[PDB]
């Protein structure tokens, strides 16, 4: 859906920005600094699930640019493992949110955050 590489870059950066907001806005809830409303969190994690599937299709071959490292494309299998693993961490978060289980939510939230960082360490420029 991208006329030029720059359009793929803009798309993925926007998708990742929205992910970061839908993830990060739960930090006060996880920490107990804001109240836990199970329905609110269930709905928010549903949005995050949808968003978390979006960036990867905008790293199609030849879409070097932005702060993407070239290693994304020199080993397509390893990058795919990282995004699939990330999305399965999001599945655990969804399951916790759907269950209304704050303890499971906290644990899953930490694992999701670790998975964001694991990808950045390998694939995002400083």
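Positions refer to the first chain, counted from 1.
**Student:** Look up the CA B-factors in the entry and say which stretch, 98-106 or 6-14, has the higher mean.
**Tutor:** Per the deposited B-factors, the answer is 98-106.
**Student:** Mean CA temperature factor from the deposited coordinates, higher in 44-52 or in 74-82?
**Tutor:** Per the PDB entry, the higher value belongs to 74-82.
**Student:** Would the CA B-factor of residue 64 place it in the lowest, middle or highest third of its chain?
**Tutor:** It falls in the top third of the chain.
**Student:** Using only modelled residues of the chain, where does the Cα B factor of residue 116 rank: lowest third, middle third or highest third?
**Tutor:** Middle third of the chain for residue 116's C-alpha B-factor.
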